[PDB]
Amino acid sequence: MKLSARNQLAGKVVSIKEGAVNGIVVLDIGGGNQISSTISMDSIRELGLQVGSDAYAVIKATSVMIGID
Amino acid sequence: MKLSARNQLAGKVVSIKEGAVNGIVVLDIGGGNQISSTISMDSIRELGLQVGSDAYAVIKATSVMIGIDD
Amino acid sequence: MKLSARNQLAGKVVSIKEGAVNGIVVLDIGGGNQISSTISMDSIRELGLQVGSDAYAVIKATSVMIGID
Amino acid sequence: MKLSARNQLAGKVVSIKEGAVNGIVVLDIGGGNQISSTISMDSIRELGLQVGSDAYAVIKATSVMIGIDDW
Amino acid sequence: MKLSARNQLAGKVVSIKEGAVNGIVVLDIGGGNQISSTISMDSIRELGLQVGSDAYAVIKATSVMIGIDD
Amino acid sequence: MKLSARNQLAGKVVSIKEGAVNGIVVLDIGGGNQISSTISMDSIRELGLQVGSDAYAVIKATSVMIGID
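Protein chains in written order, with PDB author numbering: chain D, 1 to 69; chain C, 1 to 70; chain F, 1 to 69; chain E, 1 to 71; chain A, 1 to 70; chain B, 1 to 69.
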C-alpha cells in the first residue's frame, strides 16, 4: 500500500521489547538516529519482525511536534 | 522540560508551509531523512521557527507504526 | 509497504474538502459506514485522490476509543 | 456526551485481549469489516465490555490516514 | 455516549480561531489552565460551539505525554 | 526543551500503574481534575516518576476532541 503519512523512514530493527498486548520496536534510521514504536504484539508477529529486520518507521505529520532548546 | 516522548530528533528547518490555523514544518534530521510536522500556526510563531532554525522532531512512541516491504 | 496499523479499511472516496495545509477525505467503506480522514493537502495530491478513487482508511489501534450508549 | 470525533461507528464486541495496563477490543462494524482498539484495561472494565456488547469505534479525523494500492 | 478516553475535562469556550478545514477551540477549564483543541470546522459548527459554550476537552490516555522540570 | 504542544498542564502524580511495556500515570492538575497518561515504562523510570512527583501533562492540540452535553 502507499500511505498518506508524510514520514516513512527506512531502518533496521535494533531491539524488540515484548509486552502483553503491545511491544516496543527500536529502529536504526541512520544519521545516528533511532526511532521507538509502540505497536500491538499481533502486528509485531504478523510483520515477522526480528532484530535485524529491514523496516520503516511510519508517522502521520499531525503526530509530530516541534521542540527547541 | 524533559518529555516522556521516546523520539526527540534534532534537525534543521528546511521549509515551513503556513496555513490558516496549522502549518507544516519540515526538518532535516540527517542521514538523508526529513520529518514533516503539522502543528498550530500559533506554536510556529511562539517557537520563533524560521527556515534554518535548529529544532527537534518530537514523537510519542504510541504514534509510530512499523512498515515492511510488500 | 505493509503496515502494522490494525485498521486498514477498503472504501471509495466520496468527497474531498480542501484546506490550506490539510484537507478532509470521506471514504465509504460499505455497510452504511463512512470514515473521515484529516490529512495534508500534499498527501491528497500525491495519492491522486478524487471522488470515486479506491482507497483505504488506515487507523492505528492506539487511536481508536470505544464508546457505549 | 456529544463528541467532535468525525468517526463513531457502531458494532458488536467480538473479542477482548487483556494485557497489563491496556487491552485490545475488536468490534464488528458490519459490511465484513472489523475495528481493533487499544485502550486501558481500566476503561474496558468501566464500560462493562464483553463479547457481545454493543459499542462504537470512536476515531478523531486527524488520526485517520489514507492509503491506496498504488498499482 | 460514554467514552473510554480517560480524560474528560469540563470547561467554557474562551475563543474559537476559524481555519480552512480545521479550527482551534480554547477551553477555560479553571485554575488558570486552558486546553486548546484542533478539530474540524464541521464539528465546531455541528456542536454549535461559541464563546461561552459549556463543553469538555476529551483526550485519549495514549495521547498524553508526561514532562518534568529539567 | 520548549515544545509546540499547546497543552502543558502542571500537576502532581497521584498514581502509577505499571504494565509490561507501558504504564499509566495519573496527574492531579488542580481544580479536582486528574489526567491519565499511558506512556512507556522506560519513560516513567527515566523521568523518575513516583507518587508525589511534580510533572506536566503534555498534549498536542490535534489530539484534543471537544464534547458537549
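Backbone N, C-alpha and C fix where the C-beta goes; we use that ideal spot for every residue, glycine too.
Item: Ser-36/F to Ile-29/F span [Cα, whole Å]; Value: 11 Å
Item: Those residues which DSSP pairs with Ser-4/C across a bridge; Value: For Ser-4/C, which the question treats as bridged, DSSP gives no partner whatsoever.
Item: Residues in the stretch 44 to 55 of chain E having any Cβ partner in chain F nearer than 9 Å; Value: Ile-44, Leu-47, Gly-48, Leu-49, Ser-53, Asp-54 and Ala-55
Item: Bridge partners - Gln-34/B, DSSP secondary structure assignment; Value: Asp-28/B
Item: Any C-beta of chain A under 8 Å from that of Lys-17/F; Value: yes
Item: Proximal residues of chain D, C-beta to C-beta of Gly-32/C below 8 Å; Value: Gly-30 and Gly-31
Item: Contacts that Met-65/A makes with chain B (C-beta to C-beta distance below 7 Å); Value: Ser-37, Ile-39 and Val-58
Item: The alpha helix (DSSP H) enclosing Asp-42/D, as first and last residue numbers; Value: 41 to 46
Item: Sequence-distant residues of the same chain with beta carbon closer than 7 Å to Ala-5/C, five excluded per side; Value: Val-58, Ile-59 and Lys-60
Item: Option nearest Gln-34/D by Cα separation, candidates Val-21/D, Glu-46/D and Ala-10/D; Value: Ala-10/D
Item: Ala-20/C - DSSP class collapsed to helix/strand/coil; Value: coil
Item: Given 8 Å, three or more beta-carbon pairs between the stretch 62 to 69 of chain C and the stretch 21 to 28 of chain E; Value: no
Item: Continuous beta strand (DSSP E) stretch holding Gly-67/F: start and end; Value: 65 to 68
Item: Chain E within 8 Å of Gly-23/B, Cβ atoms only; Value: yes
Item: Per-residue burial, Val-51/C [other beta carbons within 10 Å of its own, 16 or more giving buried]; Value: exposed
Item: Short CB-CB distance (under 8 Å) between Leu-3/B and chain D; Value: yes
Item: Own chain, CB closer than 6 Å to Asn-7/B, minus 5 neighbours either side, in chain order; Value: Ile-59
Item: Integer Cβ distance of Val-26/C from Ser-15/C, believed to fall under 8 Å; Value: 5 Å
Item: Proximity test, Cβ basis, 8 Å: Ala-20/C and chain D; Value: no
Item: Minimum Cβ-Cβ distance from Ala-61/B to chain C less than 8 Å; Value: yes
Item: CB contact below 8 Å: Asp-42/C versus chain F; Value: no
Item: 7 Å Cβ shell around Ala-55/D - same chain, five flanking residues per side excluded; Value: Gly-11, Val-13, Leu-27 and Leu-49
Item: Residues that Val-58/F bridges to, as DSSP identifies them; Value: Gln-8/F and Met-65/E
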